[PDB]
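**Q** Below you'll find the sequence and an experimental structure to go with it.
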Protein chains: 2
Amino acid sequence: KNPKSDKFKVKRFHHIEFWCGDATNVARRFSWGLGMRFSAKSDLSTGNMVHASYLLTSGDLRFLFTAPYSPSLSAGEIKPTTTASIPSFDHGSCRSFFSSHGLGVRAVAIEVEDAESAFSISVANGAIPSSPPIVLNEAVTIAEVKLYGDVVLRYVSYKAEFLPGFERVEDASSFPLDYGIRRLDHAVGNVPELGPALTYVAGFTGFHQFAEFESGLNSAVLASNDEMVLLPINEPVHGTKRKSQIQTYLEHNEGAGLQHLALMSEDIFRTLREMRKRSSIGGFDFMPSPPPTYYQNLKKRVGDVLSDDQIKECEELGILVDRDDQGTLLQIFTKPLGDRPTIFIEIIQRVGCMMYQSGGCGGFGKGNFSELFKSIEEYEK
Amino acid sequence: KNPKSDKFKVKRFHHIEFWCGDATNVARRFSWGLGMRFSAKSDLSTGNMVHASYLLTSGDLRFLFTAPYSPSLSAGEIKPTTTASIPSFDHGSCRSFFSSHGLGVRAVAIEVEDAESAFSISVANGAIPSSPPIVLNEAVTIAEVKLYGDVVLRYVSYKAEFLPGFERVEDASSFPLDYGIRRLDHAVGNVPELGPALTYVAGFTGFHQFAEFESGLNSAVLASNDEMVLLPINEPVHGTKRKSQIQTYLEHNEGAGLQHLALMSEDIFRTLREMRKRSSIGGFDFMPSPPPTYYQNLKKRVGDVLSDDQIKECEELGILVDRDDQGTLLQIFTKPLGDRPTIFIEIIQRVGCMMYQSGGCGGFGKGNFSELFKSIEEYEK
Ligand SMILES: Cn1c(=O)n(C2CCCC2)c(=O)c2cc(Cl)c(C(=O)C3=C(O)C=CCC3=O)cc21
Ligand SMILES: Cn1c(=O)n(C2CCCC2)c(=O)c2cc(Cl)c(C(=O)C3=C(O)C=CCC3=O)cc21
Ligand SMILES: [Co+2]
Ligand SMILES: [Co+2]
């Protein structure tokens, strides 16, 4: 069931912003690693004396990477006179964020019809304000509320190119990398307690609990009216024998935060081939491959949907496959993006639910937990 | 003249250590960008609950990248019980360094016969101590004194694999990249005042002023007995019309620090081809090419040393060429390595001075300052 109870008009995921200590180096690593083009900058060369910000794009996916300059460059400025293109930026908040969490996501940004309204209704409905609505060059309105930990949910709206004050990067610097990634499918948070996190977030957005369908997790997924903004949230399951990865996250991250970003590919096989080509020459590493018994059991479960060749192609690249009652899900997980065992990336592709494809088609992989336990039974097979 | 007045036995450059906020991402960028292999780690997977450290190697060149974990992982430790493989590391110093300077070099490390002696004699002779000598697993001794700004000169000595507590990385993770870079030739500091910086450093090392031979700089080069450790130091020339780049460095870096690392290649042409192949897909950018009039004038100056083809090959890659009274120098400069216009890299190759090649053969490029002014005269040619 879908109550469609959004308290304001939500469009799509708009961008993800990483807070870094050096934005240049993270952005160049991510660009090679994921096949994302350099498409806009805001930094010293564009008159920004406050922060360096570099935008990477692949399809509709927008990864923003921001780091602070020395405060002494902008010490003579005040908020009315600022050179920062993102007015919510704060030297102190950014340094504290990065020293506390290391590299990670500061903002999950969603486009909305009216960001000032979305902020007002949100704060009216329990949201902890983070940065009040600000109208940039009479063109774009930007507002931030607290989502969980030190991650903000960022509203952006356009009357009618990323943000004012950003320049398009010179194409001689802009190499058209592309490994098939196209949009953000879901962004997932880890918290110590799922209940209060849920009722807080659903409280101020009006997002509803999404469909879906004993290892470490309890989760639930919040979704907008058309279920194109998908916001899962995890909590640890204490007391088990293998320590909860959610609990390991909270310890190394110093509390709640964004656990993983799921990027949709239009061709998960080409994406995974290309990312695996570059794992050891600057790119990203991937979780260990499941045992071939896993793949010796997928014929009995999705042989309907994938040919005997594609199932073997899955075995090469280490792809995981799950299946809702409507669609099928292909998914794989990277190793952590940085020093800490905290944030990681998930590459996915969804097959089914044609009307366009409806959101969350196939789910998030729920069945693959029990299916990997009863496949790591291969020790005598 | 060479007094050979080293106050202790100095061998060669041993490694350069960058202090970062995320060591993983800088190291992977640098590895792709410079063609350096991953050869050793010390991090959570090796029991280090304090810092993540990743070593890149090309030839004898060793780039070390270190970032702090959350202090809470090691809060129950004391210095006698530490899990840090580098005992001089300090969460507070590292965070303060990186928030103050951004990405940059924390240590210039030189191998010496006896690091405890080198520290004692150094401190006896004016050196500001930074970390006292510590003997690691009865195998390696490590000591640090202040060099300039927040950069330390690090002494290391071996009784008889990088450091104890580092592991060699699994070769499946270790891709044998190589673009021809082989060793560190010189490491250069910017300071506000050259005199006191000079007499401080020469004071405690016994290094002597090196050979050599109106834009922005005053410099001088300190050198060990065999002149294989070369430590130039710059100061700004105020009052000119084009603001001193040294002065721009001091402002954006928040004071003195390491300005550039010069890496020797055994084939500057293959190095520059390979690095330029990767500039826009994660690697490093290079300074703007000099005008072809520069290259139309190199025949008259080094046509003795380089064929008409190699001189044109220089023009492709943007290589600069200078000439001492003994040798010839090929050199080119990258754009800054990170967000700030502070640290950058220089690729060089030296031709001449065969006895082995003697240090500093060809100099450091002194003649190329006046030669670029009187070549940017091409506006009417
Ligand atoms: C399917 N699956 C899995 O099998 N494992 C295996 C791999 C071997 C050991 C345990 C995971 O670790 C794993 C981890 C995550 Cl975060 C997800 C995931 O995407 C996810 C969501 O998007 C939303 C809510 C909960 C949720 O779990 C799926 C996983
Ligand atoms: C030769 N040369 C040059 O021509 N320029 C040009 C390029 C167009 C505008 C000015 C430089 O900026 C430049 C910069 C540096 Cl740091 C060096 C260099 O390596 C160096 C040392 O190693 C040691 C002491 C001093 C010193 O200067 C050489 C340069
Ligand atoms: Co997921
Ligand atoms: Co130099």
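**A** Done, it's in. Residues are numbered from 1 along each chain as shown, chains lettered A, B, ... in the order given. Ligands and ions are numbered 1, 2, ... in the order given.
**Q** Could you check stretch A:190-198 and say which residues are buried?
**A** A:190, A:191, A:194, A:197, A:198 (16 or more other CB atoms under 10 Å in any protein chain shown). For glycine as for every other residue, the C-beta is placed from the backbone atoms N, C-alpha and C.
**Q** In contact with the closest residue to residue A:252 other than its chain neighbours, which residues?
**A** Nearest residue to residue A:252, sequence neighbours excluded (CB to CB, 6 or more residues apart in numbering or on different chains): residue A:340, at 4.7 Å. Contacts here follow CB atoms under 8 Å, 6 or more residues apart in numbering or on different chains; on that basis residue A:340 touches A:101, A:102, A:103, A:252, A:253, B:69, B:70.
**Q** doesn't residue A:253 make contact with the first one?
**A** Going back to what we said before, that points to residue A:101. Yes: counting by CB atoms under 8 Å, residue A:101 touches residue A:253, with 5.4 Å between them.
**Q** now the host helix or strand of residue A:53, how far from the centre of its chain.
**A** Assigned by DSSP states H and E, residue A:53 belongs to strand A:51-58. Computed by CA atoms, centre = their mean, to the nearest Å, the chain-centroid distance of strand A:51-58 equals 15 Å.
**Q** Show me what that strand is packed against.
**A** helix A:23-34, strand A:37-42, strand A:61-68 (3 or more CB pairs under 8 Å, 6 or more residues apart in numbering or on different chains; DSSP states H and E).
**Q** The helix or strand just after the last one near chain B anywhere?
**A** Reading on from strand A:61-68 to the C-terminus, the next helix or strand found by DSSP H and E is helix A:91-101. Yes: counting by CB under 8 Å from any CB of the partner chain, chain B is contacted by helix A:91-101 at A:95, A:98, A:99, A:100.
**Q** What lies in contact with helix A:91-101?
**A** A:19-21, A:50-51, A:66-68, A:71, A:104, A:106, A:149-150, A:253-254, A:257, A:340, A:342, B:21, B:68, B:70, B:95, B:99.
**Q** Now with 7 Å, please.
**A** Contact with helix A:91-101 is made by A:19-21, A:68, A:71, A:106, A:150, A:253-254, A:257, B:21, B:95, B:99, as judged by CB atoms under 7 Å, 6 or more residues apart in numbering or on different chains.
**Q** Skip ahead from that helix and say which helix or strand is next.
**A** By DSSP H and E, the next helix or strand past helix A:91-101 is strand A:104-112.
**Q** Could you point out the helix or strand that follows that next one?
**A** helix A:115-124.
**Q** quick one, that following helix and strand A:104-112 angle?
**A** Relative orientation of helix A:115-124 and strand A:104-112, computed by axes from the mean of the first three to the mean of the last three CA atoms, to 10 degrees: 110 degrees.
**Q** Other residues contacting stretch A:281-292?
**A** For stretch A:281-292, using CB under 7 Å, 6+ apart, the contacting residues are A:29, A:32-33, A:275-276, A:279, A:315, A:318, A:320, A:332-335, A:345, A:372, A:375-376, A:378, B:28-29, B:31-32, B:175, B:177, B:282.
**Q** Which members of these are classed as buried?
**A** A:29, A:32-33, A:275-276, A:279, A:315, A:318, A:320, A:332-334, A:345, A:375, B:28-29, B:31-32, B:175, B:177, B:282.
**Q** Provide a list of residues in contact with residue A:270.
**A** Neighbours of residue A:270 in contact, by CB under 7 Å, 6+ apart: A:179, A:180.
**Q** Apply 6 Å and report the result again.
**A** residue A:180 (CB atoms under 6 Å, 6 or more residues apart in numbering or on different chains).
**Q** and after the one helix or strand it maps to, which helix or strand comes next?
**A** Following DSSP H and E, one finds residue A:270 within helix A:268-277. Using DSSP H and E, the next helix or strand after helix A:268-277 towards the C-terminus is helix A:292-302.
**Q** contacting residues around the residue nearest to residue A:353 when sequence neighbours are not counted?
**A** Spatial nearest neighbour of residue A:353, chain neighbours left out: residue A:361 (3.6 Å); criterion: CB to CB, 6+ apart. Contact analysis of residue A:361 by CB under 6 Å, 6+ apart lists A:327, A:350, A:352, A:353.
**Q** could you pull out the strands for the stretch 201-350 of chain A?
**A** Per DSSP state E, counting those that start in this stretch, the stretch 201-350 of chain A carries strands over the ranges A:208-209, A:217-223, A:230-236, A:257-265, A:320-323, A:328-333, A:344-351.
**Q** which residues are in contact with the longest one?
**A** Contacts with strand A:257-265, where a contact means CB under 6 Å, 6+ apart, come from A:101, A:104-105, A:149, A:151, A:180-183, A:185-190, A:249, A:271, A:344-349.
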